[PDB]
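Student: pasting the first bit of my complex, frame unchanged:
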Amino acid sequence: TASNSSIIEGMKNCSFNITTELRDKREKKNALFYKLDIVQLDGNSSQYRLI
Amino acid sequence: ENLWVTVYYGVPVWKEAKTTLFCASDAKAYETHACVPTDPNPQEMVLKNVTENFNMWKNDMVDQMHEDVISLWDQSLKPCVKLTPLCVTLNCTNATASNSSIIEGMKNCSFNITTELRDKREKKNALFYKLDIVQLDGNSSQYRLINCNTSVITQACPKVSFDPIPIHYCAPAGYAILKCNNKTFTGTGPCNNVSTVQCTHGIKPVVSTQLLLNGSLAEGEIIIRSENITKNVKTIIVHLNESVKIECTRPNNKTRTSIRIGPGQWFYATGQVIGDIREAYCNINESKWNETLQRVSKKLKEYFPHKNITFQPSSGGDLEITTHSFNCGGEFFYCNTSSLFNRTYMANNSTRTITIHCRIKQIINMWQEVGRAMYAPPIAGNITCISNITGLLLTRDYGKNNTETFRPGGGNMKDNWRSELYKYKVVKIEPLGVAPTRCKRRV
């Protein structure tokens, strides 16, 4: 979502599910991360997990 | 002439300081705090021509007591079960009985919860008073617990029934306690009947607002204490001698019901309701109350020589100050007191009994903090408690024209204990000194 993504690669607009105000309900968000704190899972290259 | 130094040892003399204090426990206490330390036999020794000053606004142990009470509460509540899994979306309309408006949290609500096995869910229900519920945006049938948007909620351990056990303090080795006994003392200034003691007398950790209750009583006529740096005081304390009795009751019969959260902790709530429904109330002997107010008014004018005096009910803020708050048994109360202060004056025993109508809410906040809402388990059956009162907390508006006004407040938990430790000031002994004499070695 910017002129360059390889420099950071954690951009607004990754997204993940998380708990909202109340337990039995879930919400979607997004934020940035520098790839030096991210690793790729096996197979699908679109899945990632905190190192 | 030719005097020489004599160095006496252990002479009585002291200087002010502040130090930690031991806390004593009753001989037959609850049973770290439950049954220790020991209980001594106190004594009081009167002295002659002793000159000393006091200051009830600066003395130390007032601060210390704040730490001790909170520490005790933390110790008591810390291991008890959290209620976090309970905080989920409630669905309620609750008009299943002819009495629905006054409570609005009724049996027959429903909220999904985890059963005694960790991967299955169950449906339950219980009661709630609407003062502990709020409505989410949009669908007016969805509700959430008031304090769960901001903090975790802890439940009092069902086997725990902590109550105001008296506590008294004993100075540690090297320090001595001074008491003063003049009966017209304002709380600041010199004393002329100084005295010393082994330890202080009993004090109860009572929690209340707009007036302090179950407390001790004065020895002479009513007294008024305040700071004197500037007229714009924070909180004026008025201390009674004549005890005006008070009663309060809660007629309905509550039925205890329970749920279990796994692995091993149960949760309590209110279920069925038995008997006809009424609002909780209290009673007062208007004779005594009006007489006491008369005496207070005729004493209060001393600092305000010539202006009229008029009372008005408190204004604003959370319920902890708009009303009278006190607890009997295992549940709390809130009581509107407009009728008991709508009076006036100017310069120059069961008849007329009065009644006041109260309410009870379960979820509570420790009067100061956020983040630690306590939850009380409901008590089955009817509850009643005799009680009596001993003082009032007054704050004043901007004095205007030929009139002055007072109104009831006192939300700061500090002042309550300030009203039962004006006596003591703790000091340290200096057992060493010097002087001249003429004695000779004669070796």
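Tutor: Looks like it arrived, so ask away. Numbers count the residues shown, from 1 in each chain, chains lettered A, B, ... in the order given.

Student: which residue packs closest to the residue sitting nearest the centre point of chain A, ignoring adjacent ones?
Tutor: Closest to where the C-alpha atoms of chain A average out (C-alpha atoms, centre = their mean) is residue A:14, at 3.0 Å. Spatial nearest neighbour of residue A:14, chain neighbours left out: residue A:30 (6.2 Å); criterion: C-beta to C-beta, 6 or more residues apart in numbering or on different chains. Heads up, the C-betas are built off the backbone N, CA and C, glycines and all.

Student: Kindly report the same for residue A:5.
Tutor: residue A:11 (5.9 Å).

Student: OK, now which residue of chain A is nearest to chain B?
Tutor: Relative to chain B, the nearest point of chain A is residue A:24 (5.0 Å; C-beta to the nearest C-beta).

Student: Flag every residue of chain A that's near chain B.
Tutor: For chain A, the contact set with chain B under C-beta under 8 Å from any C-beta of the partner chain comprises A:21, A:22, A:23, A:24, A:25.

Student: Quick check, the first one in contact with residue B:149.
Tutor: Yes. The pair residue A:21 and residue B:149 qualifies as a contact (C-beta atoms under 8 Å) at a distance of 6.2 Å.

Student: And stretch A:7-22, what's buried?
Tutor: In terms of neighbour count (16 or more other C-beta atoms under 10 Å in any protein chain shown), stretch A:7-22 has its buried residues at A:10, A:22.

Student: got the CA coordinates for it in CSV?
Tutor: Provided in CSV are the C-alpha atoms of stretch A:7-22 (Å, rounded to 0.1, in the frame of the first residue of the first chain):
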residue,chain,number,x,y,z
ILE,A,7,11.6,-1.9,3.3
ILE,A,8,9.1,-2.6,6.1
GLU,A,9,6.5,-5.0,4.7
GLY,A,10,4.3,-4.6,7.7
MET,A,11,1.8,-2.0,6.4
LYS,A,12,-1.6,-0.5,7.2
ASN,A,13,-4.5,-1.1,4.9
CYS,A,14,-1.3,-6.8,8.2
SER,A,15,-4.7,-7.7,9.5
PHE,A,16,-5.7,-10.3,12.2
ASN,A,17,-8.6,-11.3,14.4
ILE,A,18,-8.6,-10.2,18.1
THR,A,19,-10.9,-9.9,21.0
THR,A,20,-13.2,-6.8,21.4
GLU,A,21,-14.6,-5.1,24.4
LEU,A,22,-16.3,-8.3,25.4
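
Student: mind adding chain C? sequence follows:
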Amino acid sequence: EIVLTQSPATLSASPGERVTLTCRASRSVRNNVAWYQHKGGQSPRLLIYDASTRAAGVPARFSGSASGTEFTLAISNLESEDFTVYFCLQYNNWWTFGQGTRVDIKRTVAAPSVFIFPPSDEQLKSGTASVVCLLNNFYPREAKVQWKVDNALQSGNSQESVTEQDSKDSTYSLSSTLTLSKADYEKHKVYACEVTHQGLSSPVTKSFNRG
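Tutor: One more chain to add, chain C, which I have set with the ones above:
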């Protein structure tokens, strides 16, 4: 209740001078008094409280004392950036504030140049006839102006304004305005303004007839 009378409304000084402010009180308030700093479009700040004790971060050149029913503030060595407004405050009975005194650049007296402008016809057509009187390049600031029509003093329907002291020569300029209705403008025939100032021995007066 309590009222503080602040005088003088202005003090003149130059860098390196020592300047003393004063504040008077309606009745005794013990030692409970403080002095505050205020600047153009900024956040005021603490200088002295209890009339004797300085607060953290304050410059060491501030000082003052109490006088029972009067309070004194002084700047030991005036700096360029100390030129501003100050006001005294008391906290004994119920909070109140003064009017505020300003530090001024020291210079000699100079009389004002006076002018008057009758209503403009383009403006007069609206029926809201208003008049203007001007004073330019005078010193000191303290002065008064008066409006009179047919020798009758007027008030309530007039306004006053003042400029900042011109740095290059240190003189003040003042202007005022009067407002009238067309019917009242017709009823009154002659209009005048009057001035009082230190450099003028007699009140300089200007007047005009309609048209």
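
Student: follow-up on the earlier one: dump the residue contacts of the residue nearest to the centre of chain A.
Tutor: Shown in contact with residue A:14 (C-beta atoms under 8 Å, 6 or more residues apart in numbering or on different chains): A:30, A:31, A:33, A:48.

Student: among these, who's most crowded?
Tutor: residue A:48 (18 neighbours; other C-beta atoms under 10 Å in any protein chain shown).

Student: ok, how many other residues are close to the residue in chain C that chain A sits nearest to?
Tutor: Residue nearest to chain A within chain C: residue C:43 (35.3 Å; C-beta to the nearest C-beta). Using other C-beta under 10 Å, residue C:43 is surrounded by 7 other residues.

Student: now do residue C:4
Tutor: When neighbours are counted by other C-beta under 10 Å, residue C:4 registers 19.

Student: do the same with residue C:33
Tutor: Counted with other C-beta under 10 Å, residues neighbouring residue C:33 total 24.

Student: Next, work out how far apart it and chain B are.
Tutor: According to C-beta to the nearest C-beta, to the nearest Å, residue C:33 and chain B sit 11 Å apart.

Student: That residue: what's it in contact with?
Tutor: Residues counted as contacts of residue C:33 (C-beta under 8 Å, 6+ apart) are C:23, C:50, C:51, C:66, C:71, C:88, C:89, C:90, C:91.

Student: and what of residue C:129?
Tutor: C:119, C:123, C:179, C:180, C:181, C:182, C:185.

Student: and the residue of chain C at minimum distance from chain B, how many residues sit next to it?
Tutor: In chain C, the residue that lies nearest chain B is residue C:94 (4.9 Å; C-beta to the nearest C-beta). Other residues near residue C:94 come to 14 when the count uses other C-beta under 10 Å.

Student: Determine the three-state secondary structure at it.
Tutor: Following DSSP: H, G, I helix; E, B strand; the rest coil, residue C:94 is assigned to coil.

Student: Check the separation of the first and last residues in stretch C:100-120.
Tutor: Length of stretch C:100-120, first residue to last, C-alpha to C-alpha, to the nearest Å: 38 Å.

Student: quick one: residue C:159 and residue A:6, what's the gap?
Tutor: Distance, residue C:159 to residue A:6, by C-beta to C-beta, to the nearest Å: 66 Å.

Student: thinking again about what came up before, please convert the buried members of the contacts of residue C:33 into PyMOL selection syntax.
Tutor: To isolate the buried members of the contacts of residue C:33 in PyMOL, using 16+ other C-beta under 10 Å:
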select buried, chain C and resi 23+51+66+71+88+89+90
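
Student: go ahead and place chain D:
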Amino acid sequence: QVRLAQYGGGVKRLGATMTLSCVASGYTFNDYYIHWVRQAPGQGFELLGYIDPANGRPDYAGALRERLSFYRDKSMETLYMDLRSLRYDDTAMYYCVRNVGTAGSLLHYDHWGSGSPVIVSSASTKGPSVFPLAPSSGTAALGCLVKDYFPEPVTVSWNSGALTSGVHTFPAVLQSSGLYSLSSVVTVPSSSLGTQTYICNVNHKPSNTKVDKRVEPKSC
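Tutor: Putting chain D onto the chains we already have gives this:
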């Protein structure tokens, strides 16, 4: 280190309800009071009333107990002020301020805040009218009058910037009508009156209207 910032404010319509706000910073929220003080232009201050954050007690001034309102939330360290039925005479600045205090007395104010203005008027966007202050008839003074515009500010210049020498501009003032006005002047020798022309160039951004007014035509 400690700050008190404000939001809201701005223009409001006559007779309407209005709000302000102050947000605390991380010093401590339960250990200090808060006061609201205001300042009419060219007037001494006054006080409204003080709200404790602990429990929520208000205590109003004697002149406004029907119209004001306070309340707070400790969760986000926020304080809101409600003012009802804005009269014309309430136009002024507003501040929040901290207030040191012991266990039994109140002393003074020690940390003022950002400062936020409020303006009350019944008018919408509206452009100024211009009227010259023609010189009277060795040195004479002349100027221009700008009248009935809203909102602030406005731009003024002389002879397209060619006659800025010795020009004085009084700051604008709010009227009882709800519109702003001001004046500016310039001085010239009498002889130049019969051999020169003078122009007041004015432009008002909100309406972007512009005026170029002559001054000399009525040098009487």
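
Student: mind redoing the neighbour count of residue C:43 now chain D's in there?
Tutor: Here the number of neighbours of residue C:43 (other C-beta under 10 Å) works out to 16.

Student: mind checking how far the closest residue in space to it that isn't next to it in sequence is from residue B:170?
Tutor: Take residue C:43 and drop its neighbours on the chain: the residue closest to it by C-beta to C-beta, 6+ apart is residue D:112, 4.7 Å away. Plainly put, residue D:112 is 48 Å away from residue B:170 if you go by C-beta to C-beta.

Student: Same check on residue A:24?
Tutor: 54 Å.

Student: C-alpha coordinates for the longest helix seen in chain C, PDB please?
Tutor: For chain C, the helix with the greatest residue count under DSSP state H is helix C:182-187. The C-alpha trace of helix C:182-187 is given here as PDB (Å, rounded to 0.1, in the frame of the first residue of the first chain):
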ATOM      1  CA  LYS C 182     -30.600  59.200  11.900                       C
ATOM      2  CA  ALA C 183     -33.500  60.700  13.900                       C
ATOM      3  CA  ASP C 184     -31.100  61.500  16.800                       C
ATOM      4  CA  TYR C 185     -28.500  62.800  14.400                       C
ATOM      5  CA  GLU C 186     -31.100  65.200  13.000                       C
ATOM      6  CA  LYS C 187     -32.200  66.200  16.500                       C
END
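
Student: Can you give the contact residues for whichever helix or strand comes after that helix?
Tutor: Counting by DSSP states H and E, the next helix or strand C-terminal to helix C:182-187 is strand C:190-196. Residues from elsewhere that reach strand C:190-196 (C-beta under 8 Å, 6+ apart): C:112, C:114, C:116, C:118, C:131, C:133, C:135, C:143-151, C:176, C:178, C:203-210.

Student: Would you mark the buried spots in stretch D:84-95?
Tutor: Of the residues in stretch D:84-95, D:86, D:90, D:91, D:92, D:93, D:94, D:95 count as buried by neighbour count, 16+ other C-beta under 10 Å.

Student: Distance from that stretch to the middle of the chain?
Tutor: Computed by C-alpha atoms, centre = their mean, to the nearest Å, the separation of stretch D:84-95 from the middle of its chain amounts to 11 Å.

Student: go on, stretch D:59-67?
Tutor: 24 Å.

Student: Just the CA atoms of that stretch, as PDB, please.
Tutor: Provided in PDB are the C-alpha atoms of stretch D:59-67 (Å, rounded to 0.1, in the frame of the first residue of the first chain):
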ATOM      1  CA  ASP D  59     -19.600  24.000  43.900                       C
ATOM      2  CA  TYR D  60     -20.800  26.800  41.700                       C
ATOM      3  CA  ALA D  61     -20.300  30.600  41.900                       C
ATOM      4  CA  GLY D  62     -23.200  32.600  43.400                       C
ATOM      5  CA  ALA D  63     -24.100  34.200  40.100                       C
ATOM      6  CA  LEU D  64     -24.500  31.200  37.900                       C
ATOM      7  CA  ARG D  65     -26.100  28.300  39.800                       C
ATOM      8  CA  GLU D  66     -28.900  27.900  37.200                       C
ATOM      9  CA  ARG D  67     -26.900  27.600  34.000                       C
END
